[PDB]
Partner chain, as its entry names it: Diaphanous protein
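A single chain comes next, written as structure tokens; it is the form deposited without its partner chain.
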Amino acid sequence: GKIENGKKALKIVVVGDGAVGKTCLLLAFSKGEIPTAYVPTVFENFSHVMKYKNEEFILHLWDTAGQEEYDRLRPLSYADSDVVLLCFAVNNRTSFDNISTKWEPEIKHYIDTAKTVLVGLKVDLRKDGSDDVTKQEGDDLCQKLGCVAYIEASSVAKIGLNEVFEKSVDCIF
């Protein structure tokens, strides 16, 4: 619950296994596309203005990673976070299981006061006949972990991107 110029402001941190699509989520959400160019391991934190209810919110968006120096820097990203997106890829069951084994506990340790939103990324990839994570599985995990919501999204297909960040704003304001 911050106010930075005259605009309500929110800090959102994005966490989850490598390659679940965290950097693409932020690029697609804020830039409206994923550029054909070298995608960085971690996007430096930045502010994005989002027009929502009928007002403007300033979102302070923090990408994170677990490779190279970013693994060591990650804990420092959490301070004063209002919302944490717990991200996995729906076609990667390992990443889903790690929400419970690694990511939710890490968040509870460093920033228990943050609200969490469970985010099922790469939903464009879900298909019958594999062991892809279902919407019911995401809903159940959200329930067990006390997240505010489970939201499915695709950066590539532009599905659910605004919903993720609109729900983030909603649970704070």
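Residue numbers count along the first chain shown, from 1. Throughout, rigid core stands for the largest set of C-alpha atoms superposing within 1.5 Å between the two forms.
Asks: Tell me which stretch has the larger mean Cα B-factor in this entry, 146-154 or 15-23.
Replies: According to the entry, 146-154 carries the higher average C-alpha B-factor.
Asks: Taking only the CA atoms, which stretch has the higher mean B-factor in the record, 86-94 or 70-78?
Replies: Looking at the recorded C-alpha B-factors, 70-78 comes out higher on average.
Asks: Highest Cα temperature factor in the entry, among the options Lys115, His109, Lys53, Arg126: which one is it?
Replies: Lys53 has the highest C-alpha B-factor of those listed.
Asks: Going by the entry, which of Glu44, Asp132, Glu137, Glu104 has the most elevated CA B factor?
Replies: The C-alpha B-factor peaks, among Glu44, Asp132, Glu137, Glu104, at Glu44.
Asks: By the recorded C-alpha temperature factor, relative to the other modelled residues in its chain, which third is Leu141 in?
Replies: Middle third - that is where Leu141 ends up once the chain's C-alpha B-factors are sorted.
Asks: If you rank every modelled residue in this chain by C-alpha B factor, which third holds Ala28: lowest, middle or highest?
Replies: Tercile = middle for this residue's CA B-factor.
The same protein also has a form solved in complex with its partner chain, omitted here; what follows describes it.
Asks: Okay, which stretch from 115-123, 23-31, 43-51, 138-146 lines its partner chain in the deposited complex, with non-hydrogen atoms inside 4.5 Å?
Replies: In the other structure, the partner sits against 43-51.
Asks: Please check if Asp132 has a heavy atom lying within 4.5 Å of any heavy atom of its partner chain in the deposited complex.
Replies: No, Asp132 is distant from the partner.
Asks: Flag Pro105 as yes or no: does it have a non-hydrogen atom within 4.5 angstroms of any non-hydrogen atom of its partner chain in the deposited complex?
Replies: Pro105 belongs to the contact set for its partner chain.
Asks: Flag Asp97 as yes or no: does it have a non-hydrogen atom within 4.5 angstroms of any non-hydrogen atom of its partner chain in the deposited complex?
Replies: No, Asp97 stays farther than 4.5 Å from its partner chain in the deposited complex.
Asks: Although its partner chain is absent from this view, report whether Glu55 comes within 4.5 Å of it in the deposited complex, heavy atoms only.
Replies: Looking in the deposited complex, residue contacts with its partner chain do not include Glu55, since no heavy atom lies within 4.5 Å.
Asks: So in the deposited complex, are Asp128, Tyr150 and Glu163 all sitting within 4.5 Å of its partner chain, heavy atoms only?
Replies: Zero of three within 4.5 Å in the deposited complex.
Asks: Could you pull out the residues of 62-77 that have any heavy atom within 4.5 Å of its partner chain in the deposited complex?
Replies: Heavy-atom contacts within 4.5 Å come from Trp62, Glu68, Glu69, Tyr70, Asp71, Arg72, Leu73, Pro75, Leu76.
Asks: Once the rigid core is superposed, exactly one of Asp139, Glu68, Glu33, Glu56 has its CA displaced by 2 Å or more between the shown form and the other one; which residue is that?
Replies: It is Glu68.
Asks: Would you mind telling me if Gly18 and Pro40 are closer or farther apart in the deposited complex than in the shown form, C-alpha to C-alpha, with a 3 Å or larger change?
Replies: It is closer: in the deposited complex, the C-alpha atoms of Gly18 and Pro40 lie at least 3 Å nearer than they do here.
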